[PDB]
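In: Whatever this is, show me its structure:
(8 chains, ligands or ions: 6)
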Amino acid sequence: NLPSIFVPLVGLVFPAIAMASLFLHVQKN
Amino acid sequence: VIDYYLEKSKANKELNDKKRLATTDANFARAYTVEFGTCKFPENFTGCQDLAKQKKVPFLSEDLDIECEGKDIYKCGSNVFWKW
Amino acid sequence: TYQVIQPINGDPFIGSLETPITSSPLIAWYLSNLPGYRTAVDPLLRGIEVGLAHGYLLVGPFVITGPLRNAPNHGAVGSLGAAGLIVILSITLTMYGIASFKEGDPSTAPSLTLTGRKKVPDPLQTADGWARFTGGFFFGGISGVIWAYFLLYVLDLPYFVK
Amino acid sequence: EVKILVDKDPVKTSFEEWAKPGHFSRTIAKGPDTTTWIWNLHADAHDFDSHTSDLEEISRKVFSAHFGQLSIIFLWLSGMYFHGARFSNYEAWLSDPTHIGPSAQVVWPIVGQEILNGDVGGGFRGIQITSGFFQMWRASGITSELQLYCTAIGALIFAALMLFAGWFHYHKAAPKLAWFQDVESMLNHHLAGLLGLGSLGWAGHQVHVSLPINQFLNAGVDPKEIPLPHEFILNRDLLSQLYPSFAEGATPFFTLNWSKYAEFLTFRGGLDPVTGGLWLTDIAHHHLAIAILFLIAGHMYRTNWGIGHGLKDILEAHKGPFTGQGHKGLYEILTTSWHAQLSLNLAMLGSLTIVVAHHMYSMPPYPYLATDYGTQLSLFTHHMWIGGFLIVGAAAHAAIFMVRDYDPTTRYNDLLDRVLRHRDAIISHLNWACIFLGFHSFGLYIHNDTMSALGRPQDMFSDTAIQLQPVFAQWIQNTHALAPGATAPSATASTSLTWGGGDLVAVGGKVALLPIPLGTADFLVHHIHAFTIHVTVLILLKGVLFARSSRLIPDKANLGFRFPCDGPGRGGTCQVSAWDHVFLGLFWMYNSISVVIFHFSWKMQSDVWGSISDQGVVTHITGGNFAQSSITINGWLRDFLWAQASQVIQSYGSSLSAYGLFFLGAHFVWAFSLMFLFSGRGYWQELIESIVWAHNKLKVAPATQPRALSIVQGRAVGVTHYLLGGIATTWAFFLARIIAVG
Amino acid sequence: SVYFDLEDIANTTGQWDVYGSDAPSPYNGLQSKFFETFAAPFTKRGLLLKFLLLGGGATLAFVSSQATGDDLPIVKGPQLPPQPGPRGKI
Amino acid sequence: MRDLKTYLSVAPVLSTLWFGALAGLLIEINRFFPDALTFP
Amino acid sequence: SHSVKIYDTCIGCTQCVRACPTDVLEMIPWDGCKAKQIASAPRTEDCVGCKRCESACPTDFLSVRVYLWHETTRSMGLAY
Amino acid sequence: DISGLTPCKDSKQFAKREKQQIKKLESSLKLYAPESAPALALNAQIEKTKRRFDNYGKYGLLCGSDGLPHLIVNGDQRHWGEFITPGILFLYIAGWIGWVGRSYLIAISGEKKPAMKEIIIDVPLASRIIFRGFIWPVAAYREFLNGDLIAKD
Ligand code: CLA
Ligand code: CLA
Ligand code: CLA
Ligand code: CLA
Ligand code: CLA
Ligand code: CLA
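Out: Numbering: from 1, shown residues only, chains lettered A, B, ... in the order given. Ligands and ions are numbered 1, 2, ... in the order given. Structure data below:
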């Protein structure tokens, strides 16, 4: 039910979004 | 010829085995002479090998005596002199 | 005598050398005719070509070496994996474009040829040009993955390795 | 003109410089102020080109040092022969080499150490030796202990001769610089004189002393009734019975009927089934052909008569459109720099030692060597280590030449200049190759480990899974197995039993050699080997190429060859000298050689070595577990390190108890090295500052002020202890395992 | 003979376009019009990043939620009776 | 003669002579009084 | 840019200046020492921080001191 | 006895260890002629083991439940031969060495270059100093009272 949806979100999608945001933050100015 | 020296070795197997045992036993006892009490302080002024032919130390003299036996005058490979 | 290796563009104090690998007419023509070096054309079409090549090439490894390679559904699963890789690559391209180029700034590409002749710098090194390039890359890559799947598992052509 | 050129009485023989430590250098001769001096004396002892700038003076010193080294080697050989003659069971091993273990060391009965005299058989107690001297002595025809005593005496006499020669040639007749630079004469004499005549003499000994005595031994006659070697020269009739061709004398040799000598000069291949080694008739013919080849080779260069070549002439004629002037200028470099010659010779010798190690196991030359597994493993590992160390020294001395003797204004060479003008391309390409090889070699092991741990054996890289077959090596093996029939028609068998000729040689119920199969696991280890070799090459070549300068340090040459750093500037400049690069490359050489010897040990114990019964069934030591277990790191950890260490850890209370003690000692020294490798001298000098206070409080502070070790010296100590501990761990583990189970 | 000009720093420092080609478009006009029409929505870099990240995450979650036991062993679940513990624990 | 005596007084030579004498003394004591765990 | 400072324990033997790899230091007139000259660091923006001057300092303690500070492209010795 | 240990003359594990050692030594005796030198060497080891175990019995050592001697250090008057007397002898030898070193370091301190007598040792001076350690406790005590032991800085 939930694990099949939550594990890809926490293990792949959230790290990707956080990495993209952090990279755009550190490359500013 | 090979099958003549095979005959020679057949007749002298026991004698050569007694040479092997003596020469290995002397080689081992060379490291144990002092503990045995054979070659030590007052008589080791020269080599225990030298004492072997003048004092008859137990194990280094059996090898000397057996070393050449049944061999000719100039055909013992373990002693240059043998029967000079 | 006759030496083959020469300093780059005749300048001995630029950190490069001219070798047959780098300066032969065949390789020079081949590199000049790749979509990555077509300066005077819309970057969107170049990105379309690049994506069409790369997404098409990416299908094979996923389909054949994947965990479900021995399943009857291996082709579709591998094509989906290749499409996901294309999506990730497009995300990386968009990230690089946003981080590297501001909207108003001009191009960072060189404005001189090897002969010193002034040219128009490549619009690919601008924000709009890079955005068009990555959009074309995404569209081409998805289409290439779909085309490889259609050729391999919809028409089932007698390819030796499938 | 080539002629003898000497100087008479150049250096006076006196004890006055023995009483003045550090006399050889200006700085050290003044005496010590701190403890650093004590180390500086030993580090600069043999750095002759730093003592004087005179090339002749340096050359005389190296010439005498070589004589000293030769004297030491002769002393070592004399000791080996004397211990074989006096403290060994060689004469008993001769009559039963399959059931008696060689031993030439007997310990004294003190503090309970007499347990090391184990039962090696033959009514003898001692320490089992793995040098292989017994098989070499049997091959040479040595039969009694008396002939070993005479060899020891002769080696002692020769050692005295070399020592006297060194003294005489440094103090009485010192050759001039022109004598050393006569490279054509030296090459001619070393090719024709040393090697050719040496091999010719050894061939004569083999056809006169070795072949007949070994024919008697292999026939099963007692060693004590074999005729003495000189008896095979005195009456030629004894030699005309084993080989009737000897009745013809030397007439066939001079009339060009050489096939008449086919009885004792053969081209067979394979191994002697009674012996398990190469046919002696093959070896004698090999040496006789090598003698002629080298005697003809040693006539290539021009010395005093018109005929011959000029080395400079050959060098200056090899140039092309890509290499400019070519090799012009190399003759001047190689005739004025000792370090370049040392570098080249070290590289070649280290490479040749590895080839020797590879060839001796696949073609056992000595009798009863193949079935003595402990000797084979020890010889292979020893020669691999020697080769690796010499190869590393080659890079070290190439870097030294680059730092000191390189001078484009007077000794320009186009090839070296062009190499230095694109070093970035070389180093970056080697970097990429190293990364690619590391991934595609080691990450396959990680993939296999993860698949096995996840319950997916069908997704691994294995022979029962996704295959990676070494097809090229398999094709080479098949080609070499078919050589006797099509490409080497005069040969009877292939050059080795490992090519695949579908035969196995068994001696004394033990497997000598058999066709070695290659599969996926071998494909993995070979690329692992290539990766480590490439990384070592990268580390050493980067140090050699960037020794003079880099973009970080434009003037790295003025800092010397061996300096710690250039300060914390530019982000940090630690270990930028060429010395550091050798210091780092020693670790990778150690890693590579350790993996190679582990591969050899596991493969031999799993697929070659074993036992054979009187039914035709072969049972290997580890039962062919290499193919399915050597493909995961867990396999190496469990089935090789854990399984085969069970011997050395249960050797206490036996004759092998000295190997467990050395096992623990090697572990301790290896751990000890990490204190030096992980720290720095600034902490230790401050710690010493407090101890000096405690000594001054009690008026026991020494005048020689205690100093922490220098930055470079700490690295040297750390790497030396690391290498010693690592190599000794494997020495003890291998010896215990292969003596207990072999 | 000289490679240092203060008026031309780009030439002096090697700011050249080595393999860049100024040739016109080698693509056909109709094909370029088709691609320009049907790839225009993906040329907004701000929109593309958000769309790719969010849609890819949603698609990944949906596909993981629609996987069957044939595709994933973890979805199939255990099929064998469980093993017992070392000293009778369950 | 004087110089050779000076050399024989250098640290390593004196050290090896001293430790050799010490090792010989300890070895002979252990040979004639072996296996000593206590002091009677 | 790193910080380079000079203290009046200077004896003016000019050892630091000729050990500078980037020409940061120079000698200026003075009256506090027999040599009538003291060191100065007017170009610390070219300082790399290799501390070669302190290795050439004869005074005890050092008369020239280098403090590693904010890093620039010049201070890290980068040519790319 | 002390700490639940039994004397090694009473404990059966000690005798069992002695029997097993002799049995292990006698198994290798079977592989040699009764008159050979290795047979004579293993017999000497057997006598050495017998003497060792008999001595350990006679000295009055305490053995644990494993048959091995255990040392008693707390200060018991019947166990001074295991730590106290050997410790006193060690402290006499080490103080001797330290005092001879200190006197030699003091004797060469007042010279032109005293670092040369630290790498090239003045052997006659060392011979003079060496035998002063036989009375090292008395001198070490006496420079404590006067104040020639500690440098007051
Ligand atoms: C928690 C972290 C996590 C998770 C959930 C997964 C999950 C997965 N990995 Mg994986 N992986 C991870 C971390 C993770 N990985 C890390 C850290 C490494 C490096 C060591 C790897 C290395 C790795 C390898 C080498 C492989 C996998 C594979 C797989 C898949 C195996 C299932 C299968 O057989 O179906 C197979 C199903 C397909 C091939 C079809 C997938 C189609 C997807 C669902 C399309 C959607 C993609 C989406 C649009 C992109 C979103 C990106 C995001 C940034 C927005 C599964 C999706 C295997 C695989 O086949 O995946 C490609 C495979 O070969 N992984
Ligand atoms: C590399 C060559 C080499 C090596 C490693 C060995 C090694 C060995 N030999 Mg050997 N040997 C060699 C060459 C070699 N030998 C040669 C060339 C000969 C022919 C001359 C011999 C002849 C020989 C004999 C005849 C014997 C050995 C023995 C031994 C073993 C014991 C040695 C020993 O305790 O020294 C003895 C100790 C010393 C020599 C003392 C070291 C001297 C140094 C300089 C320190 C001096 C300090 C001094 C001891 C203190 C007192 C000085 C005084 C002023 C107070 C040992 C395994 C013995 C053996 O195996 O017994 C079973 C034995 O009986 N060897
Ligand atoms: C046929 C003549 C001949 C032979 C046999 C040799 C042999 C050797 N030379 Mg040599 N050399 C020769 C001619 C020859 N040279 C000439 C003509 C020159 C001048 C161009 C040199 C210049 C030269 C140098 C500069 C060096 C050598 C070195 C060596 C040794 C290398 C180490 C080795 O392989 O150990 C093999 C060991 C043996 C074979 C043991 C036996 C020793 C041999 C028999 C002694 C050689 C005697 C010699 C040829 C003449 C003696 C003079 C006479 C008055 C007694 C080796 C002994 C190196 C060395 O180690 O120096 C000591 C070295 O540095 N040689
Ligand atoms: C025939 C080979 C050969 C020769 C002639 C030389 C000669 C030289 N080397 Mg060299 N080298 C060699 C091989 C060789 N090396 C190899 C194989 C390596 C790789 C490991 C090196 C690595 C190397 C470096 C890195 C350096 C030299 C240096 C030097 C020069 C100074 C040597 C000196 O004073 O040492 C004095 C000798 C010592 C301080 C003794 C060291 C003792 C070692 C570390 C212990 C070895 C462990 C031992 C085997 C185990 C004993 C156990 C213990 C318990 C007793 C000199 C010209 C140095 C230099 O400045 O060159 C100009 C330098 O920096 N070499
Ligand atoms: C086991 C420890 C270890 C490891 C793994 C490495 C690894 C490496 N060293 Mg090394 N090194 C070590 C110890 C180690 N070192 C020690 C102790 C020393 C001191 C002597 C050195 C000294 C040293 C020097 C002097 C040099 C190296 C070099 C290298 C590189 C060689 C290129 C290569 O193989 O890349 C391939 C990478 C690997 C094999 C690492 C493992 C990767 C596997 C496949 C897993 C990856 C999966 C995936 C990426 C995970 C992503 C998941 C995500 C969540 C992050 C590599 C990075 C050389 C270098 O930089 O050349 C390029 C070099 O010059 N090292
Ligand atoms: C004259 C010799 C001498 C004397 C009297 C002392 C005395 C002392 N040392 Mg010391 N030390 C010495 C030599 C000496 N040391 C040497 C040579 C070294 C270098 C290895 C050290 C290294 C050292 C350290 C690292 C430490 C001490 C400490 C100490 C103090 C506590 C005792 C201790 O830990 O001993 C232990 C002593 C040693 C480990 C070294 C002993 C070395 C030998 C036995 C001395 C030989 C002297 C000489 C060769 C003989 C002279 C011959 C002459 C007649 C010709 C104490 C004041 C400790 C301290 O400050 O705490 C208060 C401490 O941490 N020492």
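
In: Go through the strand or helix carrying residue D:717 and flag the buried ones.
Out: In this assignment (DSSP states H and E), residue D:717 forms part of helix D:711-740. Buried residues in helix D:711-740, counting neighbours by 16 or more other C-beta atoms under 10 Å in any protein chain shown, are found at D:711-719, D:721-740. C-betas here are computed from N, CA, C, even on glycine.

In: ok, now how distant is the residue in chain G that ligand 5 sits nearest to from residue D:375?
Out: With C-beta to the nearest ligand atom, the shortest gap between chain G and ligand 5 falls at residue G:80, namely 18.3 Å. Here residue G:80 is placed at a distance of 55 Å from residue D:375 (C-beta to C-beta, to the nearest Å).

In: Looking at those two, which one has more neighbours?
Out: residue D:375 (25 against 5; other C-beta atoms under 10 Å in any protein chain shown).

In: my guess is that one contacts residue D:131, does it?
Out: Yes - taking C-beta atoms under 8 Å as the definition, residue D:375 is a contact partner of residue D:131 at 7.4 Å.

In: Write out the residues of chain D neighbouring chain G.
Out: Taking C-beta under 8 Å from any C-beta of the partner chain as the test, the list of chain D residues beside chain G reads D:551-552, D:555, D:566-571, D:573.

In: Regarding chain B, what is its longest helix?
Out: In chain B, with assignment by DSSP state H, the single longest helix is helix B:13-29.

In: starting at the chain centroid, how far to the helix or strand just after that one?
Out: Stepping forward along the backbone from helix B:13-29, the first helix or strand reached (DSSP H and E) is helix B:33-36. Mean-position distance between helix B:33-36 and its chain equals 19 Å (C-alpha atoms, centre = their mean, to the nearest Å).

In: try stretch E:72-90
Out: Using C-alpha atoms, centre = their mean, we find the averaged C-alpha position of stretch E:72-90 to lie 40 Å away from the chain's own average C-alpha position.

In: Is that stretch in proximity to chain C?
Out: No - Stretch E:72-90 stays out of contact with chain C when judged by C-beta under 8 Å from any C-beta, the minimum separation being 9.3 Å.

In: Need the residues that contact that stretch.
Out: Stretch E:72-90 has contacts (C-beta atoms under 8 Å, 6 or more residues apart in numbering or on different chains) with A:4, E:67-70.

In: What ranges does chain E have for its helices?
Out: Secondary structure of chain E, counting by DSSP H: helices at E:9-12, E:29-39, E:45-66, E:73-76.

In: any idea which of the ones you listed is most buried?
Out: With neighbours defined by mean count of other C-beta atoms under 10 Å in any protein chain shown, none of the helices of chain E is more surrounded on average than helix E:45-66, at a mean of 16.

In: Packing partners of that helix?
Out: Here helix E:45-66 touches helix A:3-8, helix A:14-26, helix C:74-100, helix C:127-153, going by 3 or more C-beta pairs under 8 Å, 6 or more residues apart in numbering or on different chains; DSSP states H and E.

In: which strands and helices sit next to the first one?
Out: The helices and strands touching helix A:3-8, judged by 3+ C-beta pairs under 8 Å, 6+ apart, are helix E:45-66.

In: Touching the helix it packs on from outside, list them.
Out: Defining contact as C-beta under 8 Å, 6+ apart, one finds that helix E:45-66 is touched by A:4-5, A:7-9, A:12-13, A:16-17, A:20, C:80, C:84, C:87-88, C:90-91, C:94-95, C:97-98, C:127, C:130-131, C:134-135, C:138, E:41-42.

In: That helix vs helix C:127-153, what angle?
Out: Using axes from the mean of the first three to the mean of the last three C-alpha atoms, to 10 degrees, the interaxial angle of helix E:45-66 with respect to helix C:127-153 works out to 30 degrees.

In: does ligand 1 sit close to helix E:45-66?
Out: Yes - contact between helix E:45-66 and ligand 1 is present through E:53, E:56-57, E:59-60, E:63 (criterion: C-beta under 6 Å from any ligand atom).

In: How far off centre is that helix?
Out: Taking C-alpha atoms, centre = their mean, one finds helix E:45-66 lying 12 Å from the centre of the chain it belongs to.

In: Check stretch D:609-623 too.
Out: On the basis of C-alpha atoms, centre = their mean, the separation between the geometric centre of stretch D:609-623 and that of its chain is 32 Å.

In: end-to-end on it?
Out: The separation between the terminal residues of stretch D:609-623, taken as C-alpha to C-alpha, to the nearest Å, is 10 Å.

In: can you check stretch G:36-52 too?
Out: According to C-alpha to C-alpha, stretch G:36-52 extends 23 Å from its N-terminal end residue to its C-terminal end residue.

In: ok, it near chain D or not?
Out: Yes - in terms of C-beta under 8 Å from any C-beta, part of stretch G:36-52 sits within range of chain D, namely G:47-52.

In: tell me the phi and psi of residue D:673?
Out: Dihedral angles of residue D:673 (phi, psi; degrees, to the nearest 10) stand at phi -60, psi -30.

In: count of residues packed around it?
Out: A count of neighbours around residue D:673, defined by other C-beta under 10 Å, yields 20.

In: So it versus residue D:595, what's the distance?
Out: Noted for residue D:673: a distance of 20 Å to residue D:595, by C-beta to C-beta.

In: With neighbour count and distance to ligand 1 added, can I get the contacts of stretch E:72-90 in CSV?
Out: Formatted as CSV, the entries for those read as follows, by neighbours: other C-beta atoms under 10 Å in any protein chain shown; distance: C-beta to the nearest ligand atom, whole Å:
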residue, neighbour count, distance to ligand 1
A:4, 16, 10
E:67, 13, 8
E:68, 8, 11
E:69, 11, 12
E:70, 12, 11
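
In: Residue F:17: which of the residues you listed is nearest?
Out: Within the contacts of stretch E:72-90, the smallest distance to residue F:17 is 80.8 Å, found for residue A:4 (C-beta to C-beta).

In: Give me the contacts around the longest helix along chain F.
Out: As far as residue count goes, and with DSSP H defining each element, the longest helix of chain F is helix F:11-32. Contacts with helix F:11-32, where a contact means C-beta under 8 Å, 6+ apart, come from D:110-111, F:7-8, H:119-121, H:123.

In: Selecting buried members of these in PyMOL, what would you type?
Out: Applying 16+ other C-beta under 10 Å to the contacts of helix F:11-32, the buried members can be selected in PyMOL as follows:
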select buried, (chain F and resi 7) or (chain H and resi 119+120+121)
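
In: Inside strands: which ones of the contacts of helix F:11-32?
Out: When DSSP state E is applied, the contacts of helix F:11-32 are split such that none fall in strands.

In: what packs against the helix or strand containing residue H:141?
Out: Element membership of residue H:141 [criterion: DSSP H and E] is helix H:136-146. When contacts are defined as 3+ C-beta pairs under 8 Å, 6+ apart, helix H:136-146 sits against helix H:84-107.

In: list the helices and strands the helix it packs on packs on?
Out: When contacts are defined as 3+ C-beta pairs under 8 Å, 6+ apart, helix H:84-107 packs onto helix H:123-130, helix H:136-146.

In: Render the CA-only coordinates of that helix in CSV, please.
Out: Below are the C-alpha coordinates for helix H:84-107, written out as CSV (Å, rounded to 0.1, in the frame of the first residue of the first chain):
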residue,chain,number,x,y,z
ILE,H,84,59.4,-8.6,45.4
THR,H,85,62.9,-10.0,45.3
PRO,H,86,63.2,-10.0,41.5
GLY,H,87,61.8,-6.4,41.5
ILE,H,88,64.4,-5.3,44.0
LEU,H,89,67.1,-6.8,41.9
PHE,H,90,65.7,-5.1,38.8
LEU,H,91,65.6,-1.8,40.6
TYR,H,92,69.2,-2.2,41.6
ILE,H,93,70.4,-3.0,38.1
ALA,H,94,68.3,-0.2,36.5
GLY,H,95,69.4,2.4,39.0
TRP,H,96,73.0,1.3,38.4
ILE,H,97,72.6,1.9,34.6
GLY,H,98,70.9,5.2,35.2
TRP,H,99,73.5,6.5,37.6
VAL,H,100,76.4,5.4,35.4
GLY,H,101,74.7,7.2,32.5
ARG,H,102,74.1,10.4,34.5
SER,H,103,77.7,10.5,35.8
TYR,H,104,79.1,10.1,32.3
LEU,H,105,76.8,12.8,31.0
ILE,H,106,78.0,15.1,33.8
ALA,H,107,81.7,14.3,33.2
